[PDB]
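> Got a file for you: data_3.csv, CSV, N, CA and C atoms.
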chain,number,residue,atom,x,y,z
A,1,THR,N,23.4,-6.8,10.6
A,1,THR,CA,23.8,-5.4,10.4
A,1,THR,C,25.2,-5.3,9.9
A,2,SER,N,25.6,-6.2,9.0
A,2,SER,CA,26.9,-6.2,8.4
A,2,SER,C,27.1,-5.1,7.3
A,3,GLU,N,26.2,-5.3,6.3
A,3,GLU,CA,26.3,-4.4,5.1
A,3,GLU,C,25.1,-3.4,5.0
A,4,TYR,N,24.5,-3.1,6.2
A,4,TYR,CA,23.3,-2.2,6.1
A,4,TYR,C,23.8,-0.8,6.1
A,5,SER,N,24.3,-0.3,5.0
A,5,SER,CA,24.8,1.1,4.9
A,5,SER,C,23.6,1.9,4.4
A,6,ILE,N,23.8,3.2,4.2
A,6,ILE,CA,22.8,4.1,3.6
A,6,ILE,C,22.3,3.7,2.2
A,7,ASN,N,23.3,3.3,1.4
A,7,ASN,CA,23.0,3.0,0.0
A,7,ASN,C,22.0,1.8,-0.3
A,8,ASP,N,22.2,0.7,0.5
A,8,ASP,CA,21.3,-0.4,0.2
A,8,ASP,C,20.6,-1.0,1.5
A,9,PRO,N,19.7,-0.3,2.1
A,9,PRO,CA,18.9,-0.8,3.3
A,9,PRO,C,18.1,-2.0,3.0
A,10,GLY,N,17.5,-2.0,1.8
A,10,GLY,CA,16.8,-3.1,1.3
A,10,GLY,C,15.3,-3.0,1.6
A,11,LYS,N,14.5,-3.7,0.8
A,11,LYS,CA,13.1,-3.8,1.0
A,11,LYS,C,12.7,-5.1,1.6
A,12,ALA,N,13.6,-6.1,1.4
A,12,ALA,CA,13.3,-7.4,2.0
A,12,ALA,C,14.2,-7.7,3.2
A,13,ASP,N,14.9,-6.7,3.7
A,13,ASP,CA,15.8,-6.8,4.8
A,13,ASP,C,15.1,-7.2,6.1
A,14,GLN,N,14.0,-6.5,6.3
A,14,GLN,CA,13.2,-6.7,7.5
A,14,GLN,C,12.7,-8.1,7.6
A,15,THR,N,12.2,-8.7,6.5
A,15,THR,CA,11.8,-10.0,6.5
A,15,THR,C,13.1,-10.8,6.8
A,16,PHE,N,14.1,-10.5,6.1
A,16,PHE,CA,15.4,-11.2,6.3
A,16,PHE,C,15.9,-11.1,7.7
A,17,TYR,N,15.7,-10.0,8.3
A,17,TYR,CA,16.2,-9.8,9.7
A,17,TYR,C,15.5,-10.8,10.6
A,18,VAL,N,14.2,-11.0,10.5
A,18,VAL,CA,13.4,-11.9,11.3
A,18,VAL,C,13.9,-13.3,11.1
A,19,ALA,N,14.3,-13.7,9.9
A,19,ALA,CA,14.8,-15.0,9.5
A,19,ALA,C,16.1,-15.2,10.2
A,20,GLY,N,16.9,-14.2,10.5
A,20,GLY,CA,18.2,-14.5,11.2
A,20,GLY,C,18.1,-14.4,12.7
A,21,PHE,N,18.0,-13.2,13.2
A,21,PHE,CA,17.9,-12.9,14.6
A,21,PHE,C,16.7,-13.5,15.3
A,22,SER,N,15.6,-13.6,14.7
A,22,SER,CA,14.4,-14.2,15.3
A,22,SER,C,14.8,-15.7,15.8
A,23,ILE,N,15.4,-16.4,14.9
A,23,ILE,CA,15.8,-17.7,15.2
A,23,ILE,C,16.8,-17.8,16.3
A,24,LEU,N,17.7,-16.9,16.4
A,24,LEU,CA,18.7,-16.9,17.5
A,24,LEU,C,18.0,-16.7,18.8
A,25,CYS,N,17.0,-15.8,18.9
A,25,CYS,CA,16.3,-15.6,20.1
A,25,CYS,C,15.5,-16.8,20.5
A,26,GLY,N,14.9,-17.5,19.6
A,26,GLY,CA,14.1,-18.7,19.9
A,26,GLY,C,15.0,-19.8,20.5
A,27,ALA,N,16.1,-19.9,19.8
A,27,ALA,CA,17.1,-21.0,20.2
A,27,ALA,C,17.6,-20.7,21.6
A,28,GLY,N,17.9,-19.4,21.9
A,28,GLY,CA,18.5,-19.0,23.1
A,28,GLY,C,17.5,-19.4,24.2
A,29,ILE,N,16.2,-19.1,24.0
A,29,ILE,CA,15.3,-19.4,25.1
A,29,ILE,C,15.3,-20.9,25.3
A,30,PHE,N,15.3,-21.7,24.2
A,30,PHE,CA,15.2,-23.1,24.3
A,30,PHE,C,16.4,-23.6,25.1
A,31,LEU,N,17.6,-23.1,24.8
A,31,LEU,CA,18.8,-23.6,25.4
A,31,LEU,C,18.8,-23.2,26.9
A,32,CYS,N,18.4,-22.0,27.2
A,32,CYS,CA,18.4,-21.6,28.6
A,32,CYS,C,17.5,-22.5,29.4
A,33,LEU,N,16.3,-22.7,28.9
A,33,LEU,CA,15.4,-23.5,29.7
A,33,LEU,C,15.9,-24.9,29.9
A,34,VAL,N,16.5,-25.5,28.8
A,34,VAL,CA,17.0,-26.8,28.9
A,34,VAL,C,18.1,-26.8,29.9
A,35,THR,N,19.0,-25.9,30.0
A,35,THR,CA,20.1,-25.9,30.9
A,35,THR,C,19.6,-25.9,32.3
A,36,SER,N,18.6,-25.0,32.6
A,36,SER,CA,18.2,-24.9,34.0
A,36,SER,C,17.5,-26.2,34.4
A,37,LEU,N,16.7,-26.8,33.5
A,37,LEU,CA,16.0,-28.0,33.8
A,37,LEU,C,17.0,-29.1,34.1
A,38,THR,N,18.0,-29.3,33.2
A,38,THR,CA,19.0,-30.3,33.3
A,38,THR,C,19.6,-30.4,34.7
A,39,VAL,N,20.1,-29.2,35.1
A,39,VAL,CA,20.7,-29.1,36.4
A,39,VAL,C,19.8,-29.5,37.5
A,40,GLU,N,18.6,-29.1,37.5
A,40,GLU,CA,17.6,-29.3,38.5
A,40,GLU,C,17.5,-30.8,38.7
A,41,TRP,N,17.3,-31.5,37.6
A,41,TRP,CA,17.2,-33.0,37.7
A,41,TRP,C,18.4,-33.6,38.3
A,42,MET,N,19.6,-33.1,37.8
A,42,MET,CA,20.8,-33.7,38.3
A,42,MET,C,20.9,-33.5,39.8
A,43,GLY,N,20.6,-32.3,40.3
A,43,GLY,CA,20.7,-32.1,41.7
A,43,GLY,C,19.8,-33.0,42.5
A,44,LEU,N,18.6,-33.2,42.0
A,44,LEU,CA,17.6,-34.0,42.8
A,44,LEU,C,18.1,-35.4,42.8
A,45,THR,N,18.6,-35.9,41.7
A,45,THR,CA,19.0,-37.3,41.7
A,45,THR,C,20.3,-37.5,42.6
A,46,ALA,N,21.2,-36.5,42.6
A,46,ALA,CA,22.4,-36.6,43.4
A,46,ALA,C,22.0,-36.7,44.9
A,47,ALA,N,21.0,-35.9,45.3
A,47,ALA,CA,20.5,-35.9,46.7
A,47,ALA,C,19.9,-37.3,47.0
A,48,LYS,N,19.2,-37.8,46.0
A,48,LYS,CA,18.6,-39.1,46.1
A,48,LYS,C,19.7,-40.1,46.2
A,49,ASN,N,20.7,-39.8,45.4
A,49,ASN,CA,21.9,-40.7,45.5
A,49,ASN,C,22.5,-40.7,46.9
Take the structure in this file and express it as structure tokens.

Amino acid sequence: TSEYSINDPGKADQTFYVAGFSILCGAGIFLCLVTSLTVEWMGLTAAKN
């Protein structure tokens, strides 16, 4: 939403929007899951330790 002014909204912007922000959301989900899982394993092993 940098240059999305009234003059040039675009006809390919929506496709383009998915290409940007869609990727970010997917990545965020992946990172979040990875982080929770990592810690869980660490804790279990520490207890085991």
> DSSP on the backbone, alpha helix (DSSP H) only: what residues of chain A does that give? Format it as number ranges by chain.
A: 13-17, 23-48
> Could you tell me how far CA of residue 8 (chain A) lies from CA of residue 21 (chain A), in Å and to one decimal?
19.4 Å
> I'd like the interatomic distance between CA of residue 1 (chain A) and CA of residue 13 (chain A), to a tenth of an Å.
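If I compute the distance from CA of residue 1 (chain A) to CA of residue 13 (chain A), I get 9.9 Å.
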> Calculate how many Å separate atom N of residue 32 (chain A) from atom C of residue 20 (chain A), rounding to one decimal.
16.4 Å
> With the input short on atoms, add N, CA, C and O atoms back to region 23-46 of chain A and write it as a PDB file, in the coordinates of the input.

ATOM      1  N   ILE A  23      15.400 -16.400  14.900  1.00  0.00           N
ATOM      2  CA  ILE A  23      15.800 -17.700  15.200  1.00  0.00           C
ATOM      3  C   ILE A  23      16.800 -17.800  16.300  1.00  0.00           C
ATOM      4  O   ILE A  23      16.602 -18.665  17.212  1.00  0.00           O
ATOM      5  N   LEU A  24      17.700 -16.900  16.400  1.00  0.00           N
ATOM      6  CA  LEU A  24      18.700 -16.900  17.500  1.00  0.00           C
ATOM      7  C   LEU A  24      18.000 -16.700  18.800  1.00  0.00           C
ATOM      8  O   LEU A  24      18.217 -17.494  19.715  1.00  0.00           O
ATOM      9  N   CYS A  25      17.000 -15.800  18.900  1.00  0.00           N
ATOM     10  CA  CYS A  25      16.300 -15.600  20.100  1.00  0.00           C
ATOM     11  C   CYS A  25      15.500 -16.800  20.500  1.00  0.00           C
ATOM     12  O   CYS A  25      15.598 -17.276  21.719  1.00  0.00           O
ATOM     13  N   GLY A  26      14.900 -17.500  19.600  1.00  0.00           N
ATOM     14  CA  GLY A  26      14.100 -18.700  19.900  1.00  0.00           C
ATOM     15  C   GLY A  26      15.000 -19.800  20.500  1.00  0.00           C
ATOM     16  O   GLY A  26      14.770 -20.377  21.542  1.00  0.00           O
ATOM     17  N   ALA A  27      16.100 -19.900  19.800  1.00  0.00           N
ATOM     18  CA  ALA A  27      17.100 -21.000  20.200  1.00  0.00           C
ATOM     19  C   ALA A  27      17.600 -20.700  21.600  1.00  0.00           C
ATOM     20  O   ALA A  27      17.803 -21.611  22.355  1.00  0.00           O
ATOM     21  N   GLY A  28      17.900 -19.400  21.900  1.00  0.00           N
ATOM     22  CA  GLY A  28      18.500 -19.000  23.100  1.00  0.00           C
ATOM     23  C   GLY A  28      17.500 -19.400  24.200  1.00  0.00           C
ATOM     24  O   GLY A  28      17.922 -19.950  25.248  1.00  0.00           O
ATOM     25  N   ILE A  29      16.200 -19.100  24.000  1.00  0.00           N
ATOM     26  CA  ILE A  29      15.300 -19.400  25.100  1.00  0.00           C
ATOM     27  C   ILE A  29      15.300 -20.900  25.300  1.00  0.00           C
ATOM     28  O   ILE A  29      15.339 -21.355  26.462  1.00  0.00           O
ATOM     29  N   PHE A  30      15.300 -21.700  24.200  1.00  0.00           N
ATOM     30  CA  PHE A  30      15.200 -23.100  24.300  1.00  0.00           C
ATOM     31  C   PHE A  30      16.400 -23.600  25.100  1.00  0.00           C
ATOM     32  O   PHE A  30      16.306 -24.313  26.121  1.00  0.00           O
ATOM     33  N   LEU A  31      17.600 -23.100  24.800  1.00  0.00           N
ATOM     34  CA  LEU A  31      18.800 -23.600  25.400  1.00  0.00           C
ATOM     35  C   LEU A  31      18.800 -23.200  26.900  1.00  0.00           C
ATOM     36  O   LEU A  31      19.088 -24.069  27.720  1.00  0.00           O
ATOM     37  N   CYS A  32      18.400 -22.000  27.200  1.00  0.00           N
ATOM     38  CA  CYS A  32      18.400 -21.600  28.600  1.00  0.00           C
ATOM     39  C   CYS A  32      17.500 -22.500  29.400  1.00  0.00           C
ATOM     40  O   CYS A  32      17.904 -22.977  30.485  1.00  0.00           O
ATOM     41  N   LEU A  33      16.300 -22.700  28.900  1.00  0.00           N
ATOM     42  CA  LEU A  33      15.400 -23.500  29.700  1.00  0.00           C
ATOM     43  C   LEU A  33      15.900 -24.900  29.900  1.00  0.00           C
ATOM     44  O   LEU A  33      15.881 -25.452  31.014  1.00  0.00           O
ATOM     45  N   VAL A  34      16.500 -25.500  28.800  1.00  0.00           N
ATOM     46  CA  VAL A  34      17.000 -26.800  28.900  1.00  0.00           C
ATOM     47  C   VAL A  34      18.100 -26.800  29.900  1.00  0.00           C
ATOM     48  O   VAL A  34      18.059 -27.707  30.803  1.00  0.00           O
ATOM     49  N   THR A  35      19.000 -25.900  30.000  1.00  0.00           N
ATOM     50  CA  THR A  35      20.100 -25.900  30.900  1.00  0.00           C
ATOM     51  C   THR A  35      19.600 -25.900  32.300  1.00  0.00           C
ATOM     52  O   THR A  35      19.975 -26.694  33.158  1.00  0.00           O
ATOM     53  N   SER A  36      18.600 -25.000  32.600  1.00  0.00           N
ATOM     54  CA  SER A  36      18.200 -24.900  34.000  1.00  0.00           C
ATOM     55  C   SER A  36      17.500 -26.200  34.400  1.00  0.00           C
ATOM     56  O   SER A  36      17.776 -26.786  35.488  1.00  0.00           O
ATOM     57  N   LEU A  37      16.700 -26.800  33.500  1.00  0.00           N
ATOM     58  CA  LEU A  37      16.000 -28.000  33.800  1.00  0.00           C
ATOM     59  C   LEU A  37      17.000 -29.100  34.100  1.00  0.00           C
ATOM     60  O   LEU A  37      16.812 -29.919  35.021  1.00  0.00           O
ATOM     61  N   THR A  38      18.000 -29.300  33.200  1.00  0.00           N
ATOM     62  CA  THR A  38      19.000 -30.300  33.300  1.00  0.00           C
ATOM     63  C   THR A  38      19.600 -30.400  34.700  1.00  0.00           C
ATOM     64  O   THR A  38      19.612 -31.384  35.427  1.00  0.00           O
ATOM     65  N   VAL A  39      20.100 -29.200  35.100  1.00  0.00           N
ATOM     66  CA  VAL A  39      20.700 -29.100  36.400  1.00  0.00           C
ATOM     67  C   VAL A  39      19.800 -29.500  37.500  1.00  0.00           C
ATOM     68  O   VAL A  39      20.230 -30.119  38.465  1.00  0.00           O
ATOM     69  N   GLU A  40      18.600 -29.100  37.500  1.00  0.00           N
ATOM     70  CA  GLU A  40      17.600 -29.300  38.500  1.00  0.00           C
ATOM     71  C   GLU A  40      17.500 -30.800  38.700  1.00  0.00           C
ATOM     72  O   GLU A  40      17.643 -31.352  39.833  1.00  0.00           O
ATOM     73  N   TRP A  41      17.300 -31.500  37.600  1.00  0.00           N
ATOM     74  CA  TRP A  41      17.200 -33.000  37.700  1.00  0.00           C
ATOM     75  C   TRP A  41      18.400 -33.600  38.300  1.00  0.00           C
ATOM     76  O   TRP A  41      18.357 -34.460  39.151  1.00  0.00           O
ATOM     77  N   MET A  42      19.600 -33.100  37.800  1.00  0.00           N
ATOM     78  CA  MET A  42      20.800 -33.700  38.300  1.00  0.00           C
ATOM     79  C   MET A  42      20.900 -33.500  39.800  1.00  0.00           C
ATOM     80  O   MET A  42      21.222 -34.450  40.530  1.00  0.00           O
ATOM     81  N   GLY A  43      20.600 -32.300  40.300  1.00  0.00           N
ATOM     82  CA  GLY A  43      20.700 -32.100  41.700  1.00  0.00           C
ATOM     83  C   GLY A  43      19.800 -33.000  42.500  1.00  0.00           C
ATOM     84  O   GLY A  43      20.216 -33.651  43.486  1.00  0.00           O
ATOM     85  N   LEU A  44      18.600 -33.200  42.000  1.00  0.00           N
ATOM     86  CA  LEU A  44      17.600 -34.000  42.800  1.00  0.00           C
ATOM     87  C   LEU A  44      18.100 -35.400  42.800  1.00  0.00           C
ATOM     88  O   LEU A  44      18.127 -36.095  43.883  1.00  0.00           O
ATOM     89  N   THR A  45      18.600 -35.900  41.700  1.00  0.00           N
ATOM     90  CA  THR A  45      19.000 -37.300  41.700  1.00  0.00           C
ATOM     91  C   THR A  45      20.300 -37.500  42.600  1.00  0.00           C
ATOM     92  O   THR A  45      20.402 -38.531  43.197  1.00  0.00           O
ATOM     93  N   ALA A  46      21.200 -36.500  42.600  1.00  0.00           N
ATOM     94  CA  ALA A  46      22.400 -36.600  43.400  1.00  0.00           C
ATOM     95  C   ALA A  46      22.000 -36.700  44.900  1.00  0.00           C
ATOM     96  O   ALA A  46      22.504 -37.458  45.638  1.00  0.00           O
TER      97      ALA A  46
END
